[PDB]
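The sequence lines fix the lettering, A, B, ..., with proteins before strands; numbering per chain opens at 1. Heavy atoms only: backbone and side chains are in, while hydrogens, waters and symmetry mates are out.
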Amino acid sequence: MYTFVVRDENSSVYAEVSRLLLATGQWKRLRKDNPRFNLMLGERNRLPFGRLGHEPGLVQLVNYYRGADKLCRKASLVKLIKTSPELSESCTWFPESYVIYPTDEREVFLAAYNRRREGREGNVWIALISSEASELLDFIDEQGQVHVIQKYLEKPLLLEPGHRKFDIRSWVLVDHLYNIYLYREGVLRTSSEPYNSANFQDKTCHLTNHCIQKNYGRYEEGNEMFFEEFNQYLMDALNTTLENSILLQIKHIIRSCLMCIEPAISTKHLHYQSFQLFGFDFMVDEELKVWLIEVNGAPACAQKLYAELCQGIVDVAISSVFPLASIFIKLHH
Amino acid sequence: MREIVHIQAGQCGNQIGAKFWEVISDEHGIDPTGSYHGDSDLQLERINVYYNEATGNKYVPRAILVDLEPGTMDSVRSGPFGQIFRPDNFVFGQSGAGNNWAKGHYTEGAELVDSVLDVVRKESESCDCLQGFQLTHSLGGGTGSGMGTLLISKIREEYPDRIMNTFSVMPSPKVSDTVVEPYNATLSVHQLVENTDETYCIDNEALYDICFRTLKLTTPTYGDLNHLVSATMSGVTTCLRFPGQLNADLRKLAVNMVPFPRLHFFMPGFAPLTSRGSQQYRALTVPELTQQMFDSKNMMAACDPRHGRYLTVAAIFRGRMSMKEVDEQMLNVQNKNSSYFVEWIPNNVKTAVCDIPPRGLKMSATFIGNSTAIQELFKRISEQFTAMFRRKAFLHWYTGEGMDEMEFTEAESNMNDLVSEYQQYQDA
Amino acid sequence: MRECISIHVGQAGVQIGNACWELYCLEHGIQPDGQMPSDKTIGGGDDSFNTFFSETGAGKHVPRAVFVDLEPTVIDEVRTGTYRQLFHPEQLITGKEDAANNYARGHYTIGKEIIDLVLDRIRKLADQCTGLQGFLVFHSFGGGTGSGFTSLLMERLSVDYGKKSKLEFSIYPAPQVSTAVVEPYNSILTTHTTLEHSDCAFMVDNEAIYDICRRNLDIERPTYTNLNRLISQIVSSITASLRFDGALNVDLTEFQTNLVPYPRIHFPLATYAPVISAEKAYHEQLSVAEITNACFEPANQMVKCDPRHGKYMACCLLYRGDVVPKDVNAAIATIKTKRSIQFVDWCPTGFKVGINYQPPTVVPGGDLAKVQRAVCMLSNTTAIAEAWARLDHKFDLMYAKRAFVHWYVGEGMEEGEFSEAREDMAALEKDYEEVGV
Amino acid sequence: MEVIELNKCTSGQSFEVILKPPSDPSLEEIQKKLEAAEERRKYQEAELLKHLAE
Ligand SMILES: Nc1nc2c(ncn2[C@@H]2O[C@H](COP(=O)(O)OP(=O)(O)OP(=O)(O)O)[C@@H](O)[C@H]2O)c(=O)[nH]1
Ligand SMILES: Nc1nc2c(ncn2[C@@H]2O[C@H](COP(=O)(O)OP(=O)(O)O)[C@@H](O)[C@H]2O)c(=O)[nH]1
Ligand SMILES: COc1ccc(N(C)c2cc(=O)oc3ccccc23)cc1O
Ligand SMILES: [Ca+2]
Ligand SMILES: [Mg+2]
Ligand SMILES: [Mg+2]
């Protein structure tokens, strides 16, 4: 009998994981504060990593990597890419980005902005989307919070029919041994309204996430296209596969990101162990070049895929440490 | 803190007391005449806790024998280790207490108590650094109960900075002398709650049931009951008596076992359970000891541990065994039952080891639990008290000695308070 | 030359003291009777080892040490032990009734009655000093005497020797070898009362030492003896610079200067390598690079915590054995590129290094194999605050229900001293967080 | 990279390596608190002995 505790209420992913652990009957749930657990499903906010791995005769495992926030905050990520030799300013798969503070790299941003306006090539940026530098910096100050200014991707790949925008979400599980597992099922979060080169204030055609899409649901159930249909499209429309044109690049990016922070976050020789589920968000441009947009440290899943993934989380992350009585592509670390 | 002073009062008190000294003298290499004839240094290093050294060179128990009747004490004197006791430490009257707490506490006992305190004083004066006192008595009779609790109150007055520890035998209808036992026990519990630091609840109900259900003795005697008591008593005092990795005394026991001063009534347990005569040859494994020591059927207080929570536990393992395997098994049983241990006292289960096993065993485990389930014992006595008291039945035996019914009402209320004070910590 | 007085308080303080003085005698070639054949100035001297040992006309080398316990049986082991002749009876001080694992009893009740005598026996040692620089104080956090009495002593030392430095070697409580359920109470009370009076404190978590003994020495169930032989090696590494010729950490003031920029944040993390079993038949000897790399493994630390997720304020490497600067610098260079090492912005990213060519001495028949080189790293990292976090949580759990509090109140302590001590700890945890994130 | 303070002796050496640059209560008050606690102990004990007198 193994013991576990639940400290995140709002987590759909781990609500289903606990439900699955209980269903084996070989896992008993304890109350939030009982420290005699084998497994912690932690809070997102100020999780007490300092209190783990100090219980004699209990192997302890947590579902977050301490330090993985470096990858999972927009300002942190830019800094990480720019300052790490492994990734660099030369980095070809992350959009040109700048950290902007209001009471910092404001001067470096303006100089690159003007050099874009030498013969005036595409000079549209995101923070929320604008075409000139002045309305961007004025918006950031109106908030009193740190944000990122990023070269907006003016030439996206557009699904037909419908001239539609999209982002790809990939689910990645890093286990206690730092194996990087990419869940074979991804998802495209589609726009339902035709993409508009001229009008950057209209936001249902430029921004793709599941919530801000409330013309919704027109082409696929809930603005979600899956890999089978997207691959079919790519074969029929572009004479390629999802594997060749997109996934090679996705696998490369994921692997580069996670190998870069590995010395800083690995639990290989530590008194407690960690695993974590990440959501990487990708943009595809019209030449089928992939760009990383966001890494999410506490992602939700797509409704259809909950059962399979959550079961996978139990198989490779939990039972591997705590055995009982593949849906993942392992990215070779 | 070196010397313990031992007091045994009344029939039960003196019978379990004599057996305790038989057992621990055997464990320490001491024979009936007071002579050391053992072959381990561990036997002598802390012998001053319980024994005085006469120039002899003899070892004399720091033990005072008290009764209001001569019978039981004459029996001690002509019993196996009878000659070992300092004859000046036999303090006895002639009239008896008639199973009456009022006689022991107010009338007959009052007459004898000063001469007991004289003997207590002489022993206390001869102490390098007195830890405090241990009393054996029952709560159901008159002398151990009424006079025993009178002694405790007078000992506390004269030595308010010493520890008071009791082994208190609780009455049961299953092994009963008189109908007035619940009266005598309730009056006594009221006293124990205020004036002891720690009390082992030795429940005659539990002792009976163990002898009957587990030891397969169809008709248990007091002798069979006392076999269990002396094994438990040897076990719980191991860490006071022998040098080890944890060196304990009565105060350190109290500090670490009692989180709230009134909640000081311990449920002791023992494994393996055996009888006198027919004894097992099959050796016990560390997982078997650990499982048995925590089983309800091995507890000396008839309460269900699952109907409450452990505030604190001390566990003592005796014999040559793997201390690594002990630690693992103790941790295993906590980690697999952690809802029964309060989560607001970290590390509330403590284990200690001693190499010397008790007589006739290769290994043994002794259990000391402060559980909120002990409330079941007190509730049982309360129900029996109220069944009689609501009709004032048998009260004339007490009013005849000058007591008033108010005193019964007060002792009942205090024992009910104790019960709901346990219930309070069982929820949080 | 400037003298140091060692003070050993309670069971842990005394047994660790015993191990340290045994080792010190082996390193300096001082025999159990106190004779030192290699010391050619009979009955006097101002050599580096005289910082820790005085000398008698007969040529006896006597520790500048006092041992105090509120109970006799542990100090009685010293009185009749193999090193019995080394100490003057006046240096071994015992009461009769211990503190019963209760801070309030060690500090107020039993403490009040022996404090003046201890201070008188310390004064006797100090009168023999030409330029006393101060004190090394060994004790547990968890014990009633180690916590209660120590904090009393420290306050009084600040009064009677206001110019002097005070250093601690402190045993942080671990359930695996703990003796009391109230150790978290005693730890928070002693840390609050001692904080202003201590210049530098080296915490040793019994959990870390216990596991090092299990993992690297293959000891199945470590005893205090196992633990203390290891602890004494680490203490010796730390104090070596006071006892031998050199130019780093030569006096107590330099400990604070090099390790403690911010006075409240005075707990450096010690990391030691290598720890190798004496029973290990075939052992490949570890290089400067390997031993130095091992200084950044949590598994080799005195307190288990994660320095990758904090910031450094200072870092000394202390080598013993066959080590030259060039190999140290080459090792550091490659470690810098592989490990997460982050200093606070207002401090130089760097390392003070000390090398003593003598390899570590080992206790004959002990558990530790002789090695050709060893290192102790002392880093002031904000990561050590994880240990305070752990302890404060355990305190909060019991204190929320006031469990055991009556035992302290009954010794004359007020309830308010608990919340006062605990608020100070809350401020300490905040300090570490302000400096470190 | 930069090696400063190189000091050598027969017994060993010390130096510094810089990788990167930057960017009490009185004796009276003590005796007071010790006596205050002793007075709380005396009082709680007097309260006990009075209860026992009753
Ligand atoms: N490392 C080590 N720890 C010890 C030793 N002795 C005791 N301890 C630890 O110190 C704590 C208990 O404190 P002790 O020093 O034994 O108590 P004390 O200071 O003598 O105070 P009293 O309560 O008066 O006995 C526990 O956490 C023990 O694990 C020792 O020799 N070595
Ligand atoms: N376990 C045990 N219980 C006893 C023994 N003798 C008497 N009792 C119990 O003690 C109670 C009666 O008290 P007893 O000690 O005989 O009376 P006293 O001499 O007036 O104190 C009843 O509850 C009896 O069951 C004994 O030797 N062992
Ligand atoms: C809940 O934590 C503890 C409980 C008790 C003890 N001490 C002091 C004991 C003293 C003793 O007389 O018998 C023992 C037998 C076994 C284990 C401990 C004790 C210490 C603790 O931390
Ligand atoms: Ca000399
Ligand atoms: Mg009878
Ligand atoms: Mg002690």
Name every donor-acceptor pair, under 3.5 Å, that has one atom in a side chain of residues 24-32 of chain D and the other anywhere in the protein, sequence neighbours excluded.
residue  : atom : partner  : partner atom : Å
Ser26(D) : OG   : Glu29(D) : N            : 3.0
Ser26(D) : OG   : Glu29(D) : OE2          : 3.2

**OP:** Quick one: sort the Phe49(C) and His28(C) rings into parallel, tilted or perpendicular, breaks at 30° and 60°.
**Re:** tilted
Please look at [X] and chain D and tell me whether the side chain, the backbone, both or neither of the residue comes under 4.5 angstrom of a heavy atom of that chain.
X: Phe244(C); value: neither
X: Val409(C); value: both
X: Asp245(C); value: both
X: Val159(C); value: side chain

Original post:
Counting heavy atoms not belonging to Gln342(C), are there more than 12 under 6.0 Å from its CD?
Top reply: no
Subject >> Contact leader toward chain C among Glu35(D), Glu39(D), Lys33(D), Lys20(D), where contacts are heavy-atom pairs under 4.5 Å >> reply: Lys20(D)
Point-to-point distance, once rounded to the nearest 0.5 Å, from [atom1] of [X] to [atom2] of [Y]:
X: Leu189(C); Y: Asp424(C); atom1: CG; atom2: CG; result: 11.0 Å
X: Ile18(D); Y: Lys352(C); atom1: CD1; atom2: NZ; result: 8.0 Å
X: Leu152(C); Y: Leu34(D); atom1: CG; atom2: CG; result: 5.5 Å

Identify all side-chain donor-acceptor contacts of residues 1-9 of chain D below 3.5 Å with residues at least two apart in sequence or on another chain.
none

Heavy-atom pairs under 4.5 Å with chain D - which of [options] has more of them than the others?
options: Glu196(C), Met413(C), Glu411(C); answer: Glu411(C)
options: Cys347(C), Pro325(C), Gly410(C), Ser241(C); answer: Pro325(C)
options: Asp345(C), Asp160(C), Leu248(C); answer: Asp345(C)

Original post:
Do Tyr408(C) and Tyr103(C) make the cut of ring centroids closer than 6.0 angstrom?
Top reply: no
Original post:
Quick one: which residues of residues 330-341 of chain C reach chain D at under 4.5 angstrom, heavy atoms only?
Top reply: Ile332(C), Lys336(C)
**OP:** Enumerate the residue pairs fulfilling side-chain hydrogen bond (donor to acceptor under 3.5 Å, both in side chains) with a member in residues 41-54 of chain D, sequence neighbours excluded, ordered by first and then second residue.
**Re:** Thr109(C)-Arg41(D)
**OP:** Ignoring hydrogens and angles, tell me if any N or O in the side chain of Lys166(C) forms a donor-acceptor pair with the backbone of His197(C) under 3.5 Å.
**Re:** yes
